[PDB]
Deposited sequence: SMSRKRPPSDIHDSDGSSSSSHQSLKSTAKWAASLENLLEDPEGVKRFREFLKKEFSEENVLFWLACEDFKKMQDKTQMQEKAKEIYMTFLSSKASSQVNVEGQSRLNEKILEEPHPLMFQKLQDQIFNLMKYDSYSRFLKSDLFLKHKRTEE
């Protein structure tokens, strides 16, 4: 009731609620674009961490999973330190916002 109402207001609200993220993941799976949210969540993790060695490995790891031309979950982006992926995270955020999120709100998963 309240939970669904809040997901409709903005993508920010959806991505902050972990149950919202679960239902949205399930929607992206059906449209073969789950890499987008996964990449976004990965960047939010990356931001929080302070350990230079734990950060360098994860930065490599995000690059190999999501950003490489050989990467299996390569994200559709307009081609170390915590906020180094900002531009890219914002781009994928806006890709979801105007496209798949828009369809999510019209879906059975939601209604």
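**Q** What ranges of the deposited sequence, counted from 1, have no C-alpha atoms in this structure?
**A** Those stretches are 1-24, 104-114, 147-153, listed in order.
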